[PDB]
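J.: Contents of structure17.csv (CSV, C-alpha atoms and all ligand atoms) are given next:
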```csv
chain,number,residue,atom,x,y,z
A,1,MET,CA,-22.1,26.6,48.0
A,2,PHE,CA,-25.9,25.8,48.6
A,3,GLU,CA,-27.5,26.5,52.0
A,4,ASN,CA,-28.3,22.7,52.5
A,5,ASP,CA,-25.7,19.9,52.1
A,6,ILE,CA,-27.7,17.9,49.6
A,7,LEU,CA,-24.9,16.8,47.1
A,8,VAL,CA,-24.9,18.6,43.8
A,9,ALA,CA,-22.5,16.1,42.2
A,10,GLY,CA,-21.4,15.1,38.7
A,11,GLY,CA,-19.7,11.8,37.9
A,12,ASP,CA,-19.4,8.3,36.4
A,13,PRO,CA,-17.6,9.0,33.1
A,14,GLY,CA,-16.5,5.5,34.1
A,15,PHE,CA,-15.2,2.6,32.2
A,16,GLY,CA,-11.5,2.8,33.3
A,17,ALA,CA,-12.3,4.6,36.5
A,18,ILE,CA,-15.4,6.0,38.3
A,19,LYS,CA,-14.7,9.6,39.0
A,20,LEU,CA,-16.9,12.1,40.7
A,21,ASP,CA,-16.9,15.8,41.5
A,22,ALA,CA,-18.8,17.0,44.6
A,23,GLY,CA,-17.3,20.5,44.7
A,24,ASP,CA,-14.7,20.9,47.6
A,25,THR,CA,-14.2,17.0,47.5
A,26,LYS,CA,-13.7,14.4,44.7
A,27,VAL,CA,-13.7,10.6,44.4
A,28,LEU,CA,-11.7,8.5,42.0
A,29,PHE,CA,-11.1,4.8,41.7
A,30,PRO,CA,-10.6,2.1,38.9
A,31,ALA,CA,-14.0,0.6,37.8
A,32,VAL,CA,-13.1,-2.9,39.0
A,33,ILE,CA,-15.8,-4.9,40.8
A,34,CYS,CA,-15.8,-8.3,42.6
A,35,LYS,CA,-18.7,-10.2,44.4
A,36,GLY,CA,-16.3,-10.5,47.3
A,37,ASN,CA,-16.1,-13.2,50.0
A,38,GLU,CA,-15.4,-12.9,53.8
A,39,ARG,CA,-11.7,-11.9,53.3
A,40,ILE,CA,-11.1,-14.5,56.1
A,41,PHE,CA,-7.5,-15.7,55.5
A,42,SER,CA,-6.2,-12.6,53.6
A,43,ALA,CA,-7.3,-10.2,56.4
A,44,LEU,CA,-4.0,-11.0,58.0
A,45,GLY,CA,-1.7,-8.1,58.9
A,46,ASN,CA,1.1,-9.7,56.7
A,47,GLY,CA,0.7,-7.0,54.0
A,48,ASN,CA,-2.2,-4.9,55.5
A,49,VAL,CA,-0.4,-1.4,55.4
A,50,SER,CA,-2.3,1.8,54.7
A,51,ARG,CA,-0.6,4.7,52.7
A,52,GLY,CA,-3.5,7.2,52.3
A,53,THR,CA,-3.4,11.0,53.1
A,54,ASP,CA,-7.2,11.4,53.8
A,55,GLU,CA,-10.5,9.5,54.1
A,56,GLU,CA,-10.9,10.8,50.5
A,57,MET,CA,-7.6,9.1,49.6
A,58,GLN,CA,-8.9,5.9,51.3
A,59,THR,CA,-10.8,5.8,47.9
A,60,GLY,CA,-10.6,2.5,46.1
A,61,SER,CA,-9.7,0.6,49.3
A,62,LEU,CA,-13.4,-0.3,49.4
A,63,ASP,CA,-15.1,-3.3,51.0
A,64,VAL,CA,-18.9,-3.0,51.2
A,65,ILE,CA,-22.4,-4.3,51.2
A,66,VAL,CA,-24.6,-2.3,48.8
A,67,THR,CA,-28.4,-2.2,49.3
A,68,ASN,CA,-31.0,-1.1,46.7
A,69,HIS,CA,-33.0,0.6,49.5
A,70,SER,CA,-35.8,1.3,46.9
A,71,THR,CA,-36.4,-2.6,46.6
A,72,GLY,CA,-34.9,-4.2,49.8
A,73,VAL,CA,-32.1,-6.3,48.2
A,74,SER,CA,-28.4,-6.4,49.1
A,75,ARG,CA,-25.0,-7.6,47.6
A,76,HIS,CA,-21.4,-7.7,48.9
A,77,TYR,CA,-18.6,-6.2,46.8
A,78,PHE,CA,-14.9,-5.5,46.9
A,79,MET,CA,-14.8,-2.3,44.9
A,80,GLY,CA,-12.0,-0.4,43.1
A,81,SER,CA,-8.3,-0.8,43.8
A,82,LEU,CA,-8.8,-3.3,46.6
A,83,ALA,CA,-10.4,-5.8,44.2
A,84,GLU,CA,-7.2,-5.8,42.1
A,85,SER,CA,-5.5,-7.2,45.2
A,86,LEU,CA,-8.0,-9.8,46.5
A,87,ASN,CA,-9.7,-11.7,43.7
A,88,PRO,CA,-7.5,-11.0,40.6
A,89,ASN,CA,-9.0,-14.2,38.9
A,90,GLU,CA,-12.7,-13.0,39.2
A,91,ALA,CA,-12.6,-9.2,39.7
A,92,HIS,CA,-13.4,-7.5,36.4
A,93,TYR,CA,-14.3,-4.1,34.9
A,94,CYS,CA,-18.0,-3.7,34.4
A,95,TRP,CA,-18.5,-3.4,30.7
A,96,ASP,CA,-21.8,-2.3,29.2
A,97,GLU,CA,-23.3,1.1,28.5
A,98,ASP,CA,-26.8,-0.1,29.5
A,99,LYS,CA,-27.6,0.2,33.3
A,100,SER,CA,-31.3,-1.0,33.0
A,101,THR,CA,-29.9,-4.5,33.8
A,102,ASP,CA,-26.5,-4.8,35.6
A,103,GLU,CA,-27.1,-3.4,39.1
A,104,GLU,CA,-23.4,-4.1,39.3
A,105,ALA,CA,-22.8,-1.3,36.9
A,106,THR,CA,-24.8,1.1,39.1
A,107,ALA,CA,-23.1,-0.1,42.3
A,108,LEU,CA,-19.7,1.5,41.5
A,109,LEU,CA,-21.4,4.9,41.2
A,110,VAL,CA,-23.6,4.3,44.3
A,111,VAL,CA,-20.4,3.5,46.3
A,112,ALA,CA,-18.6,6.6,45.0
A,113,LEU,CA,-21.5,8.9,46.0
A,114,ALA,CA,-21.6,7.3,49.5
A,115,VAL,CA,-17.8,8.0,49.8
A,116,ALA,CA,-18.4,11.6,48.7
A,117,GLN,CA,-21.3,12.2,51.1
A,118,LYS,CA,-19.8,13.6,54.4
A,119,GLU,CA,-22.7,12.9,56.7
A,120,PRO,CA,-24.7,9.6,57.3
A,121,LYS,CA,-27.9,10.5,55.3
A,122,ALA,CA,-28.6,13.1,52.6
A,123,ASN,CA,-30.4,13.7,49.2
A,124,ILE,CA,-28.4,14.1,46.0
A,125,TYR,CA,-29.0,15.8,42.6
A,126,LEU,CA,-26.9,13.8,40.1
A,127,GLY,CA,-25.1,14.7,36.9
A,128,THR,CA,-23.6,11.9,34.6
A,129,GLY,CA,-22.9,11.0,31.0
A,130,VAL,CA,-23.3,7.9,28.8
A,131,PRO,CA,-20.8,7.6,25.9
A,132,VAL,CA,-21.6,9.9,23.0
A,133,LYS,CA,-23.2,7.7,20.3
A,134,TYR,CA,-25.7,6.2,22.9
A,135,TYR,CA,-27.2,9.6,24.0
A,136,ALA,CA,-29.8,9.3,21.2
A,137,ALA,CA,-31.1,6.0,22.5
A,138,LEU,CA,-30.2,5.5,26.2
A,139,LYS,CA,-30.5,8.6,28.4
A,140,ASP,CA,-34.2,8.1,29.3
A,141,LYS,CA,-33.4,4.7,30.8
A,142,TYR,CA,-30.7,6.1,33.1
A,143,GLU,CA,-33.1,8.9,34.1
A,144,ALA,CA,-35.5,6.1,35.3
A,145,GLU,CA,-32.8,3.7,36.8
A,146,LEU,CA,-30.4,6.0,38.4
A,147,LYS,CA,-32.8,7.4,41.0
A,148,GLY,CA,-34.2,6.9,44.6
A,149,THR,CA,-32.6,5.6,47.8
A,150,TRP,CA,-29.5,3.5,48.2
A,151,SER,CA,-27.3,2.4,51.2
A,152,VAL,CA,-23.7,1.3,51.7
A,153,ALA,CA,-22.2,-0.6,54.7
A,154,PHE,CA,-18.3,-0.4,54.9
A,155,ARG,CA,-15.7,-2.7,56.5
A,156,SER,CA,-12.3,-1.1,55.7
A,157,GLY,CA,-10.3,1.7,57.3
A,158,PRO,CA,-11.7,5.3,57.9
A,159,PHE,CA,-14.9,4.3,56.1
A,160,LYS,CA,-15.7,1.4,58.5
A,161,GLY,CA,-19.1,0.8,60.1
A,162,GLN,CA,-21.0,4.0,59.1
A,163,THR,CA,-23.9,2.5,57.1
A,164,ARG,CA,-24.5,5.6,54.9
A,165,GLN,CA,-27.8,6.2,53.1
A,166,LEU,CA,-28.3,8.4,50.0
A,167,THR,CA,-31.2,9.4,47.8
A,168,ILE,CA,-30.9,10.6,44.2
A,169,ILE,CA,-33.7,13.3,43.8
A,170,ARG,CA,-33.4,13.2,40.0
A,171,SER,CA,-30.5,12.7,37.6
A,172,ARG,CA,-29.4,14.8,34.5
A,173,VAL,CA,-27.7,12.7,31.8
A,174,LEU,CA,-25.5,14.3,29.1
A,175,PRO,CA,-23.3,12.9,26.2
A,176,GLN,CA,-20.0,12.1,27.8
A,177,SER,CA,-17.6,14.6,26.1
A,178,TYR,CA,-20.0,17.6,26.7
A,179,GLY,CA,-18.9,17.9,30.4
A,180,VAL,CA,-15.4,18.9,29.2
A,181,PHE,CA,-16.8,21.7,27.0
A,182,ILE,CA,-19.0,22.8,29.9
A,183,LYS,CA,-16.2,22.9,32.6
A,184,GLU,CA,-14.0,24.8,30.1
A,185,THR,CA,-16.7,27.3,29.0
A,186,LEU,CA,-18.5,28.0,32.4
A,187,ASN,CA,-17.8,29.3,35.8
A,188,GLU,CA,-18.8,27.4,39.1
A,189,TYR,CA,-22.1,29.4,39.1
A,190,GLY,CA,-22.9,28.8,35.4
A,191,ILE,CA,-21.7,32.2,33.9
A,192,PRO,CA,-19.7,31.7,30.6
A,193,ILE,CA,-16.0,32.9,30.9
A,194,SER,CA,-14.5,33.0,27.3
A,195,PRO,CA,-16.4,33.6,24.0
A,196,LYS,CA,-13.2,32.3,22.3
A,197,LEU,CA,-14.5,28.8,23.0
A,198,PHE,CA,-18.1,29.5,21.8
A,199,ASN,CA,-17.6,31.1,18.4
A,200,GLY,CA,-16.5,29.1,15.4
A,201,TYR,CA,-15.7,25.3,15.6
A,202,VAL,CA,-14.2,23.5,18.6
A,203,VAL,CA,-13.6,19.7,18.8
A,204,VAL,CA,-13.6,17.9,22.1
A,205,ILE,CA,-12.1,14.5,22.8
A,206,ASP,CA,-12.3,12.0,25.6
A,207,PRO,CA,-9.6,9.4,24.6
A,208,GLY,CA,-11.2,7.1,27.1
A,209,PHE,CA,-10.6,3.6,28.4
A,210,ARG,CA,-13.4,1.5,26.7
A,211,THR,CA,-14.0,4.2,24.0
A,212,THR,CA,-12.6,7.4,22.5
A,213,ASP,CA,-15.5,9.8,22.2
A,214,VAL,CA,-15.5,13.0,20.1
A,215,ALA,CA,-18.0,15.9,19.7
A,216,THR,CA,-17.9,19.0,17.5
A,217,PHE,CA,-19.1,22.2,19.0
A,218,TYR,CA,-20.1,24.9,16.5
A,219,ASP,CA,-21.1,28.4,17.7
A,220,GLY,CA,-21.6,27.0,21.2
A,221,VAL,CA,-23.8,24.0,20.1
A,222,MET,CA,-22.9,20.3,20.0
A,223,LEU,CA,-23.4,19.1,16.4
A,224,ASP,CA,-25.5,16.1,15.5
A,225,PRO,CA,-24.3,12.5,15.2
A,226,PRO,CA,-22.2,12.3,11.9
A,227,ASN,CA,-20.2,15.2,13.4
A,228,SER,CA,-20.2,13.9,17.1
A,229,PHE,CA,-19.5,10.2,17.5
A,230,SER,CA,-17.6,7.5,19.3
A,231,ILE,CA,-14.6,5.2,18.5
A,232,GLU,CA,-13.9,1.7,19.9
A,233,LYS,CA,-10.1,2.4,20.1
A,234,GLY,CA,-9.9,3.3,23.8
A,235,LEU,CA,-6.9,2.6,26.1
A,236,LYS,CA,-8.2,-1.0,26.6
A,237,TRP,CA,-7.4,-1.7,22.9
A,238,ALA,CA,-3.7,-0.5,23.6
A,239,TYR,CA,-3.5,-2.9,26.6
A,240,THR,CA,-4.8,-5.7,24.4
A,241,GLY,CA,-1.7,-4.9,22.2
A,242,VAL,CA,0.6,-4.7,25.2
A,243,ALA,CA,-0.7,-8.1,26.4
A,244,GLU,CA,0.2,-9.8,23.1
A,245,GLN,CA,3.7,-8.1,23.1
A,246,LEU,CA,4.2,-9.3,26.8
A,247,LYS,CA,3.1,-12.8,25.7
A,248,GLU,CA,5.6,-12.7,22.8
A,249,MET,CA,8.3,-11.5,25.3
A,250,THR,CA,7.6,-14.6,27.5
A,251,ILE,CA,6.7,-17.3,24.9
A,252,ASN,CA,10.4,-18.1,25.0
A,253,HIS,CA,9.7,-19.3,28.6
A,254,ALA,CA,8.0,-22.7,29.5
A,255,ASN,CA,4.7,-21.1,30.4
A,256,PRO,CA,3.9,-17.6,29.0
A,257,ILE,CA,2.4,-14.5,30.8
A,258,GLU,CA,-1.4,-14.4,30.0
A,259,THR,CA,-2.6,-11.1,31.7
A,260,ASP,CA,-6.0,-9.7,31.1
A,261,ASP,CA,-5.9,-5.8,30.9
A,262,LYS,CA,-6.6,-5.4,34.7
A,263,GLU,CA,-3.1,-6.4,35.6
A,264,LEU,CA,-1.5,-4.1,33.0
A,265,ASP,CA,-3.7,-1.3,34.3
A,266,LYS,CA,-2.5,-2.2,37.9
A,267,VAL,CA,1.1,-2.1,36.6
A,268,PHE,CA,0.7,1.4,35.1
A,269,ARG,CA,-1.3,2.7,38.1
A,270,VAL,CA,0.8,1.3,41.0
A,271,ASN,CA,4.4,0.9,39.8
A,272,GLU,CA,5.0,2.6,36.5
A,273,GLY,CA,5.1,-0.2,33.9
A,274,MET,CA,7.5,-2.6,35.7
A,275,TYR,CA,5.7,-5.9,35.5
A,276,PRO,CA,7.0,-8.0,38.5
A,277,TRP,CA,9.0,-11.2,37.7
A,278,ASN,CA,12.1,-13.3,38.5
A,279,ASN,CA,15.2,-10.9,38.5
A,280,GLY,CA,12.6,-8.3,39.8
A,281,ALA,CA,11.3,-6.5,36.7
A,282,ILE,CA,10.0,-6.7,33.1
A,283,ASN,CA,9.8,-3.1,31.9
A,284,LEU,CA,6.7,-2.5,29.6
A,285,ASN,CA,7.2,1.3,29.1
A,286,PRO,CA,8.9,0.8,25.6
A,287,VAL,CA,6.1,-1.4,24.4
A,288,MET,CA,3.4,0.8,26.0
A,289,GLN,CA,4.6,4.1,24.3
A,290,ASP,CA,5.1,2.1,21.1
A,291,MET,CA,1.4,1.2,21.5
A,292,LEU,CA,0.3,4.8,22.3
A,293,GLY,CA,2.2,6.0,19.2
A,294,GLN,CA,-0.3,3.7,17.4
A,295,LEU,CA,-3.4,4.7,19.5
A,296,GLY,CA,-2.7,8.4,19.2
A,297,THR,CA,-2.2,8.1,15.4
A,298,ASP,CA,-5.4,6.1,15.2
A,299,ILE,CA,-7.5,8.5,17.2
A,300,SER,CA,-6.2,11.3,14.9
A,301,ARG,CA,-7.1,9.3,11.7
A,302,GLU,CA,-10.5,7.9,13.1
A,303,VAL,CA,-11.3,11.7,13.8
A,304,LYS,CA,-10.1,12.9,10.3
A,305,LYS,CA,-12.3,10.3,8.6
A,306,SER,CA,-15.4,12.1,9.8
A,307,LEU,CA,-14.1,15.6,10.5
A,308,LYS,CA,-11.7,16.4,7.6
A,309,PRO,CA,-14.3,18.5,5.7
A,310,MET,CA,-14.4,20.8,8.7
A,311,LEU,CA,-10.7,20.6,9.6
A,312,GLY,CA,-9.4,24.0,8.5
A,313,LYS,CA,-12.1,25.8,10.5
A,314,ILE,CA,-11.3,24.5,14.0
A,315,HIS,CA,-10.2,26.9,16.8
A,316,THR,CA,-8.8,24.1,19.0
A,317,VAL,CA,-9.1,20.5,19.9
A,318,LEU,CA,-9.8,20.0,23.7
A,319,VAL,CA,-8.3,16.8,25.2
A,320,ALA,CA,-9.6,15.2,28.5
A,321,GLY,CA,-9.5,12.0,30.6
A,322,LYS,CA,-6.4,10.3,32.2
A,323,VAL,CA,-5.4,9.0,28.8
A,324,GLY,CA,-5.2,12.6,27.6
A,325,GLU,CA,-2.0,13.0,29.6
A,326,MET,CA,-0.7,9.8,28.0
A,327,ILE,CA,-1.5,10.5,24.3
A,328,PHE,CA,-1.6,14.4,23.9
A,329,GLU,CA,1.9,14.7,22.3
A,330,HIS,CA,1.0,12.3,19.5
A,331,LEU,CA,-2.4,13.7,18.3
A,332,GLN,CA,-2.1,15.3,14.8
A,333,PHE,CA,-3.8,18.7,15.3
A,334,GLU,CA,-2.2,22.2,15.1
A,335,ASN,CA,-4.2,23.9,17.9
A,336,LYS,CA,-4.7,21.6,20.8
A,337,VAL,CA,-5.4,22.0,24.6
A,338,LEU,CA,-5.1,19.5,27.4
A,339,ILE,CA,-7.8,20.7,29.7
A,340,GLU,CA,-6.9,21.7,33.3
A,341,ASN,CA,-7.2,18.7,35.8
A,342,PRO,CA,-7.7,16.2,32.9
A,343,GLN,CA,-9.2,13.4,34.9
A,344,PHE,CA,-12.4,15.1,36.0
A,345,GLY,CA,-13.3,17.1,32.9
A,346,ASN,CA,-16.6,15.3,32.1
A,347,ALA,CA,-17.6,15.0,35.8
A,348,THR,CA,-17.0,18.7,36.7
A,349,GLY,CA,-19.2,19.8,33.8
A,350,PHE,CA,-21.9,17.3,35.0
A,351,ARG,CA,-21.7,19.0,38.5
A,352,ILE,CA,-22.0,22.4,36.9
A,353,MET,CA,-25.1,21.1,35.0
A,354,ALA,CA,-26.5,19.6,38.2
A,355,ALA,CA,-26.2,23.0,39.9
A,356,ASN,CA,-28.4,24.4,37.1
A,357,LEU,CA,-31.0,21.6,37.7
A,358,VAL,CA,-31.1,22.1,41.5
A,359,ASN,CA,-32.3,25.7,41.6
A,360,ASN,CA,-35.9,26.1,43.1
A,361,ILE,CA,-37.0,27.0,39.5
A,362,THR,CA,-35.6,23.7,38.1
A,363,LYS,CA,-35.8,21.1,41.0
A,364,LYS,CA,-35.5,22.2,44.7
A,365,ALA,CA,-38.0,23.3,47.4
A,366,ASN,CA,-38.0,27.1,48.3
A,367,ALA,CA,-37.1,25.7,51.8
A,368,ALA,CA,-33.9,23.7,52.5
A,369,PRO,CA,-34.8,20.3,50.8
B,401,LIG,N1,-6.2,6.5,40.7
B,401,LIG,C1,-5.6,6.4,39.5
B,401,LIG,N2,-4.3,6.2,39.6
B,401,LIG,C2,-3.6,6.0,38.4
B,401,LIG,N3,-4.2,5.9,37.2
B,401,LIG,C3,-5.5,6.0,37.2
B,401,LIG,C4,-6.2,6.3,38.3
B,401,LIG,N4,-7.6,6.4,38.0
B,401,LIG,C5,-7.6,6.3,36.7
B,401,LIG,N5,-6.4,6.0,36.2
B,401,LIG,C6,-6.1,5.3,34.9
B,401,LIG,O1,-6.5,6.1,33.8
B,401,LIG,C7,-7.1,5.2,32.7
B,401,LIG,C8,-8.6,5.5,32.6
B,401,LIG,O2,-8.8,6.9,32.1
B,401,LIG,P1,-10.2,7.5,32.3
B,401,LIG,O3,-10.1,9.0,32.0
B,401,LIG,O4,-10.8,7.3,33.6
B,401,LIG,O5,-11.0,6.8,31.1
B,401,LIG,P2,-12.5,6.8,31.0
B,401,LIG,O6,-13.1,8.2,31.2
B,401,LIG,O7,-12.9,6.6,29.6
B,401,LIG,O8,-13.2,5.8,31.8
B,401,LIG,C9,-6.9,3.8,33.2
B,401,LIG,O9,-5.6,3.3,32.9
B,401,LIG,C10,-6.9,4.0,34.7
B,401,LIG,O10,-6.4,2.9,35.5
B,402,MG,MG,-13.6,8.4,29.4
```
Please lay out the structure from this file as structure tokens.

T.:
Amino acid sequence: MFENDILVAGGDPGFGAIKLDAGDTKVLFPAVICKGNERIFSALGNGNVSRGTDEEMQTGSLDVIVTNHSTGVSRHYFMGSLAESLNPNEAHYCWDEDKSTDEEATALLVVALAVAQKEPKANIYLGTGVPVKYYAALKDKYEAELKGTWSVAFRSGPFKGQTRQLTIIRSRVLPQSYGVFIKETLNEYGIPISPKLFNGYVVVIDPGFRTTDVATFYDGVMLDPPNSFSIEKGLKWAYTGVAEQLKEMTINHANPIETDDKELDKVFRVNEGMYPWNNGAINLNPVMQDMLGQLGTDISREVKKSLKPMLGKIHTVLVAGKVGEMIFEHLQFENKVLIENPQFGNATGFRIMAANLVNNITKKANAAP
């Protein structure tokens, strides 16, 4: 790695989960935020058991004050998986692409970088990616916003105390699916590794949480918007279906289940589709894989609507994101690859791009900074 521990790090392909690649270490948690309170009653030992294997795997157990050090203002958050399990009435996914407003939407990534950073203060060069259709109209705003000094104070577990500071030197922003293509085509040190991916046509898919995003790479180049686009049918649309089916499985009761997506996401993350109830369990997995039969069909049709003129030419369809593991058997393409370590595909490519933009000839000193 580099001769100074400034983070070269790539991350926030986040609407379902912030995820972040910093080389030998990685951060991952669901993108749930709450403007948390003192935890005063619920701090009791009554269920306060830790199950983690590292400080890294203390991820998502996050209880913080975040400070915009560049402006001297501060806010208190429960962040990630903890917030599913403190304020389930008021904790929510942050849900807009724009981060010019919404310091909340930046705070998730600020916390993730502070978890990644091993030592109390350092500088960072950042890679990240907005969803594909926005890259024509949004990247410059992130390249202004997502910069300068931040700090995080922590109260839970191995993180506790330790009021870390970090400074983003500068950020490189890319269209979200491109990170997958990058991590598949390039070595750690930016050398290309298989011309089989460069020549002819490749299609690359993040079947993501808020959105499913698709880009066509021809001869090594991402093609322009009518060939590389974005689709509102992300996993959250399937949970909106599962919620109506769970409601119609409990409308027969005197007061029906009325879950927002967050509880279904919890139920698939934590305990494999068994929604908790009297007599122990309601099992959603039949309903869920009935929905992902729909969503995988629809991602295939929403693709073919814009790509069918090209369809015969395609070497392969790359699939990424957590939902890649959930949908991949159902997508209607003859040559099709689920990329290695599916979760991080966008983030890893953003790190590899950040390494390019933190050479001395791109942005570093000749000295250690
Ligand atoms: N730590 C985790 N444990 C289990 N499932 C996870 C975890 N992190 C993310 N997922 C789940 O994967 C889905 C999000 O997929 P993701 O690739 O992160 O979508 P996106 O890139 O578009 O934001 C959600 O259901 C989310 O809860
Ligand atoms: Mg995604």

J.: Smallest atom-to-atom distance to residue 318 in chain A: which of A:106, A:245, A:216, A:359, using all atoms listed in the file?

T.: A:216

J.: Which protein, DNA or RNA residues have an atom within 10 Å of ligand MG 402 (chain B), counting only C-alpha atoms and all ligand atoms, as number ranges by chain?

T.: A: 12-19, 129-131, 176-177, 205-213, 234-235, 320-324, 343-346

J.: With all atoms listed in the file as the atoms that count, which of A:326, A:357, A:174, A:62 lies nearest to ligand LIG 401 (chain B)?

T.: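 Residue with the minimum atom-to-atom distance to ligand LIG 401 (chain B): A:326.
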
J.: For residue 121 in chain A, work out the shell of residues within 9 Å, counting all atoms listed in the file and skipping chain neighbours fewer than 2 positions away, then give it as number ranges by chain.

T.: A: 117-119, 123, 164-167

J.: If we draw a sphere of 10 Å around (-30.2, -2.5, 52.6), which residues have at least one atom in it when counting all atoms listed in the file? Please report them as a PDB file with C-alpha atoms, keeping the file's coordinate frame.

T.:
```pdb
ATOM      1  CA  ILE A  65     -22.400  -4.300  51.200  1.00  0.00           C
ATOM      2  CA  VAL A  66     -24.600  -2.300  48.800  1.00  0.00           C
ATOM      3  CA  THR A  67     -28.400  -2.200  49.300  1.00  0.00           C
ATOM      4  CA  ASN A  68     -31.000  -1.100  46.700  1.00  0.00           C
ATOM      5  CA  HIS A  69     -33.000   0.600  49.500  1.00  0.00           C
ATOM      6  CA  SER A  70     -35.800   1.300  46.900  1.00  0.00           C
ATOM      7  CA  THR A  71     -36.400  -2.600  46.600  1.00  0.00           C
ATOM      8  CA  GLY A  72     -34.900  -4.200  49.800  1.00  0.00           C
ATOM      9  CA  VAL A  73     -32.100  -6.300  48.200  1.00  0.00           C
ATOM     10  CA  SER A  74     -28.400  -6.400  49.100  1.00  0.00           C
ATOM     11  CA  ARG A  75     -25.000  -7.600  47.600  1.00  0.00           C
ATOM     12  CA  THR A 149     -32.600   5.600  47.800  1.00  0.00           C
ATOM     13  CA  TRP A 150     -29.500   3.500  48.200  1.00  0.00           C
ATOM     14  CA  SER A 151     -27.300   2.400  51.200  1.00  0.00           C
ATOM     15  CA  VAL A 152     -23.700   1.300  51.700  1.00  0.00           C
ATOM     16  CA  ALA A 153     -22.200  -0.600  54.700  1.00  0.00           C
ATOM     17  CA  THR A 163     -23.900   2.500  57.100  1.00  0.00           C
ATOM     18  CA  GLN A 165     -27.800   6.200  53.100  1.00  0.00           C
TER      19      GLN A 165
END
```

J.: So how many Å separate CA of residue 35 in chain A and CA of residue 109 in chain A, to one decimal?

T.: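 Those two atoms sit 15.7 Å apart.
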
J.: Pick out the residues sitting within 10 Å of residue 188 in chain A, and hand them over as a PyMOL selection string; count all atoms listed in the file, and ignore anything fewer than 6 positions along from it in its own chain.

T.: chain A and resi 1+23+348-349+351-353+355

J.: Please compute the CA of residue 88 in chain A-CA of residue 53 in chain A distance, one decimal, in Å.

T.: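 CA of residue 53 in chain A lies 25.6 Å from CA of residue 88 in chain A.
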
J.: Given only C-alpha atoms and all ligand atoms as the basis, pick out the residue of A:316, A:278, A:199, A:341 nearest to ligand LIG 401 (chain B).

T.: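 Closest residue, counting only C-alpha atoms and all ligand atoms: A:341.
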
J.: Can you work out which one of A:215, A:314, A:347, A:282 has the shortest atom-to-atom distance to ligand LIG 401 (chain B), counting all atoms listed in the file?

T.: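 Closest to ligand LIG 401 (chain B), using all atoms listed in the file: A:347.
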
J.: List as a ChimeraX atom specification: which residues have an atom within 12 Å of (-3.2, 15.5, 22.9), counting all atoms listed in the file?

T.: /A:203-207,292-293,295-297,299-300,316-339,342
